[PDB]
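# Structure of the sequence below:
(chains A, B, C, D, E, F, G, H and I)
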Amino acid sequence: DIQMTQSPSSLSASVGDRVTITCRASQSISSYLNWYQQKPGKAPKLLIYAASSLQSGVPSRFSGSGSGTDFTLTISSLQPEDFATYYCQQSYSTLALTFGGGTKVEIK
Amino acid sequence: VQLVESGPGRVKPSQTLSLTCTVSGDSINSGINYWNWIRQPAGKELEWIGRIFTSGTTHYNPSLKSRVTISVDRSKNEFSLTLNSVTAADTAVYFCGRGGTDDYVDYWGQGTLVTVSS
Amino acid sequence: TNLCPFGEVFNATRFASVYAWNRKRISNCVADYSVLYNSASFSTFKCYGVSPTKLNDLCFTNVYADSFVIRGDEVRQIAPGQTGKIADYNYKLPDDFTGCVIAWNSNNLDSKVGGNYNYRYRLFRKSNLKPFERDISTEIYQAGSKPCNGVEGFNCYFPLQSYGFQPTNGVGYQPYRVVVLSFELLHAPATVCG
Amino acid sequence: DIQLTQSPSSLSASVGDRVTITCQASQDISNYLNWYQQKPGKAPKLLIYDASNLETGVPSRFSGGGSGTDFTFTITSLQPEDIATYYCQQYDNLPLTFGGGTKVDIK
Amino acid sequence: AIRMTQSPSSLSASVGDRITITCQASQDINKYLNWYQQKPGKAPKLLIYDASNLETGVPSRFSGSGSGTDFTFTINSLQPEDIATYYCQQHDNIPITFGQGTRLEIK
Amino acid sequence: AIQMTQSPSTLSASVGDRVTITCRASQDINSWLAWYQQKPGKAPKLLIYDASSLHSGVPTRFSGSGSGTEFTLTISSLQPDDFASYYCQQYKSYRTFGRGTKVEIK
Amino acid sequence: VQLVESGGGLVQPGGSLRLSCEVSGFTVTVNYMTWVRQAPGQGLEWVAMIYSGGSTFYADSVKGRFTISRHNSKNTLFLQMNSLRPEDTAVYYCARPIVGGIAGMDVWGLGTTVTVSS
Amino acid sequence: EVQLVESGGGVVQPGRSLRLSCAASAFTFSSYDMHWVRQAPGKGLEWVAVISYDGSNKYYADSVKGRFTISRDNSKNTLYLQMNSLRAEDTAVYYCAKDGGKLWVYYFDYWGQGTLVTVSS
Amino acid sequence: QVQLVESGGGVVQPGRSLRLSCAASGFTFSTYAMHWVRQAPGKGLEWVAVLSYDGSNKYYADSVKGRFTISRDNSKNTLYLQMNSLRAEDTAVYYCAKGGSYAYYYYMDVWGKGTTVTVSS
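Residues are numbered from 1 along each chain as shown, chains lettered A, B, ... in the order given. Here you go:
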């Protein structure tokens, strides 16, 4: 399969900070990366699809970029409702969808 | 591909029958070719003796595995068959042929008659 | 538009060797995409870049079916970004491959009691294949300074090695028939709609 | 190199007749044969690919067949716009060699 | 990884006796097992390849057999120059793994 | 080994008739069958391989059908050039030939 | 053929050492080449492998730290070792392994001793 | 507005059978592919299976292939997942997710709250 | 719309050199192989050369091998043929054909219009 590795595995930031999360694939996955957000005890919510397109209903502060094996999720201004776990998933191998390890954003 | 059979046609029993197939028009040490020896007794059906690949690997009919040795002289661009412990039942017409697969033979030689008698 | 000849590709009695893999071009026909995966015989179905459930609603310009036979343990090498002997010297898929790889166990057909030597793979090569490149030359491989002169000796090897296929081999050493469907959609009008 | 021999090198038939060309290869090329039609002054136009399949927009009268070394190309109903030179090409291995050509005329 | 279990780790005997070394693969490795000989302080030397084929120049008294998971390495007539360490190695499945090893001593 | 039983032993036919020759394998051979034609005193000529594929240069009047343990060589319109011996060879395990079928003039 | 290992010795833990393997009798750039280590008192252990085309494979215990490469100008095999550990103290051999069951192909070097200790 | 509600979970002995259901509303259920995705307790997400809009094609992950069965009923707008011969690794929270459909590749956009399946005895 | 336009043909004295440039449009030129083919006046079609997607592997015909050089510029989306030591037999019409996917030299799906090269004094 294609292994997805997220950096950092955990980070601490306050409200108003700019947060960047890096996702790396074992092999090239073109531009088929999805970013999901999950709160503790809740269901995951799609934030980014195709590594650049913003899902409807998602705040505009979330952005995604990258290609090949390196992708980046950026939150320009962190807010109290943005503290959750962010997952990256590759859709290149459509029949072998794999998620990343997760990146738990915490409060400093 | 042209294949020509040569060899003594009056071999004696319990001796070693040797036949040589000269190949012209195509190389024996290049490409994917399966050089086959096939024999036919008079009034009987065909019998596949064996094959050799261009890498030297040989394959034999299990009934004749212990008595058949097929070699290739790449200097002369020929391949030869040696059948030892020959009895009276080995008198037959021997053909050599080329085959692109290990399945069938699509080119054949004129064939040479080999008689075994004392 | 008639039906695409997927049945000929998948139900062909004889499959090519991995070094001389067959390729068939498919265009100007109606494709039974969702009907290809109806049997349970496929032991490996992996799509890259296209969803197999979205093929019936997609129009392509060309569909290229590359068919061959490999070992079971080598089926994992038919994928983008793989390395090994099959991926480097026999059949290479590009990193941005858009298609589907379908492999199934053919121990009944491609495996004979005495050994099936019809299937061969390139064991030696000075460099790795570029994507979708076929190398069929049988030139003797020169591993030393002395030229081989078309004869195998010391530091001179025949580049093609055969899978001795027997019905007693383990599933990792049993023959597997592999068909790779590559979907090409250029600016030209599409003619292989579902 | 692979040698392609066409037969006949030139033939003439009445409109509506069945025109048949044959292409023989010096070695097995599976089904890797293209049939091209070239009118004087214009670039070759690919009519048949894979020795049996028709290119997009090719009229159904043109047909191909054969596998291995012998291949056949057929025009079932000759038309005034089918007067051209017909070539067979192999693409089993480099170099990609064409046929000798076949000039078609009207009786 | 494929774990090779070579037994026994020591089968000290006298000159002229028969030697039997058994190697077991965790998975199926078909026939791709190599038996190597190493003198104390010397580089290993290939004795048997593909579990039944003698190498070039190796004395015929060495032999091998078996396919699948279990393999056997036999010395028909033990000799003073055969006192070394014998390993079994599967080479067609990355990672390549050697056996435990068998120390042949003199009794 | 695999034994191929070919029938009929001798077949009488006229020019233009439809000839059918059957071959039966002792065990399952899938579609790995070949058909050869041989003239008296000449080398055999390959007609069919894979039990259905026509050899290049063979006239189209020859057809091969069947699979498993039953195979058939059929000549739609017989011709004088087709009066010879026909052999079926399996290659499921090594290569074994059938005893052949002779087509004579009636 | 002659394979000569060099560049070993003693190194502090965490250091980097470059083992060289000079080769005579065959071209390094077009051959399969393996590095195999043996710990003092222990058995053999495969470390690294490089194919004819340049594909490299490493053991799990050494992946990400060892790197096998080739040099055509000097016809030398190279093994770069970074982040060395006490368990890496061993004798390393460069070998041309037998590929495809071709007899007469296998040849090992003399071996170089690497001691990782403080 | 998309509503997905999972049900049918609980404690199941190893090797037994459990059928999970997912009711869908506020969208055209018969026009989108539907995925089942599980998350182990304290671990990350894991895609399980996918079914097509007409139910003709069903695909499964390697760990669940030949062991699970995903089906759908467009008349009732329901998605069913039958799990047979459950192992200890299958204890997780299962979510039914809707496929976005805007790309040639799968990607989930709306998830249900999920139901817990505990493989223990 | 795939288009291949040749240019650079003209009258060139024997023994000189010429450069033919084929501009590609309507497709990703940087990923496809390319062929040069030629036809002599009144004769059949002769294949000249082929080039891979990255330009690393080049193949020629015996009649031109060691005499012509085929190259490409993916940034400019062009395919160049340099003809040195021109003989009278090189007078012909040259077409550039689109090749296979990446390193498939066995396809000529799209041909160009061709340019005329007349080698005479």
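
# The residue of chain A most remote from its centre and chain D, how far apart?
Going by CA atoms, centre = their mean, the residue of chain A most distant from its centre is residue A:95, 20.6 Å out. In this view, residue A:95 and chain D are 29 Å apart by CB to the nearest CB, to the nearest Å. For every residue, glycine as well, the C-beta is placed using N, CA and C.

# Could you do residue I:61 as well?
Taking CB to the nearest CB as the criterion, residue I:61 is separated from chain D by 5 Å.

# correct me, but that residue touches residue I:45?
No - counting by CB atoms under 8 Å, residue I:45 is not a contact partner of residue I:61; they are 11.7 Å apart.

# Is it correct that the residue farthest from the centre of chain A is in contact with residue H:59?
Yes - here residue A:95 reaches residue H:59: they are 5.4 Å apart, a contact under CB under 8 Å.

# what do the two both touch?
The contact sets of residue A:95 and residue H:59 overlap at C:45, C:52, H:50 (CB atoms under 8 Å, 6 or more residues apart in numbering or on different chains).

# Who does the residue nearest to the spatial centre of chain B form a beta bridge with?
When CA atoms, centre = their mean is applied to chain B, the residue found nearest the centroid is residue B:37 (2.9 Å). Residue B:37 forms beta bridges with residue B:50, residue B:96, as assigned by DSSP bridges.

# Could you do residue D:62 as well?
residue D:75.

# Which positions in stretch I:1-21 come out as buried?
Neighbour-count burial for stretch I:1-21, counted by 16 or more other CB atoms under 10 Å in any protein chain shown, picks out I:2, I:4, I:6, I:9, I:12, I:18, I:20, I:21.

# Now compare these and name the two farthest from each other.
Taking CB to CB as the measure, those span a maximum distance of 29.3 Å, between I:2 and I:12.

# ok, now which ones touch residue 88?
Looking at chain A here, since you left the chain open. Neighbour list for residue A:88: A:4, A:6, A:21, A:23, A:33, A:34, A:35, A:36, A:71, A:73, A:99, A:100 [criterion: CB under 8 Å, 6+ apart].

# try chain H instead
So residue H:88 contacts H:14, H:119, H:120 (CB under 8 Å, 6+ apart).

# Skipping its backbone neighbours, what lies nearest the last one in space?
Pointing back at residue H:120 there. Leaving aside its sequence neighbours, residue H:120 sits nearest to residue H:11 (CB to CB, 6 or more residues apart in numbering or on different chains; 6.3 Å).

# For the residue most central in space within chain I, list each beta-bridge partner.
Centroid-nearest residue in chain I, with CA atoms, centre = their mean: residue I:36, separated by 3.0 Å. Residue I:36 forms beta bridges with residue I:49, residue I:96, as assigned by DSSP bridges.

# what's the distance between it and chain F?
According to CB to the nearest CB, residue I:36 and chain F sit 32 Å apart.

# ok, now residue I:2?
Taken as CB to the nearest CB, the span from residue I:2 to chain F is 35 Å.

# sorry, back to before: quick one: contacts for the residue nearest to the centre of chain I?
By CB under 8 Å, 6+ apart, the contact set of residue I:36 is I:20, I:22, I:48, I:49, I:50, I:70, I:79, I:81, I:94, I:95, I:96, I:97.

# need these in TSV with distance to residue G:115, can you?
Output for those, formatted as TSV (distance: CB to CB, whole Å):
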residue	distance to residue G:115
I:20	64
I:22	62
I:48	62
I:49	57
I:50	55
I:70	55
I:79	58
I:81	60
I:94	67
I:95	67
I:96	62
I:97	62
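
# Excluding sequence neighbours, find me the nearest residue to whichever residue of chain G sits closest to chain C.
Going by CB to the nearest CB, chain C is nearest to residue G:53 of chain G, at 4.2 Å. Closest residue in space to residue G:53, ignoring its immediate chain neighbours: residue C:128 at 4.2 Å, by CB to CB, 6+ apart.

# State the distance from the one you found to chain I.
Applying CB to the nearest CB to residue C:128 and chain I gives a distance of 11 Å.

# thinking residue G:100 is in contact with residue C:159, fair?
No - if you go by CB under 8 Å, residue G:100 and residue C:159 don't touch, sitting 9.7 Å apart.

# picking that back up, ok, of the contacts of residue I:36, which one's closest to residue B:5?
Within these, the smallest distance to residue B:5 is 42.4 Å, found for residue I:50 (CB to CB).

# Surely the closest one touches residue D:94?
Yes - Residue I:50 lies in contact with residue D:94 (CB under 8 Å); the separation is 6.5 Å.

# For those two, indicate the residue with more neighbours.
With neighbours defined as other CB atoms under 10 Å in any protein chain shown, residue I:50 and residue D:94 compare such that residue I:50 has more, 27 against 17.
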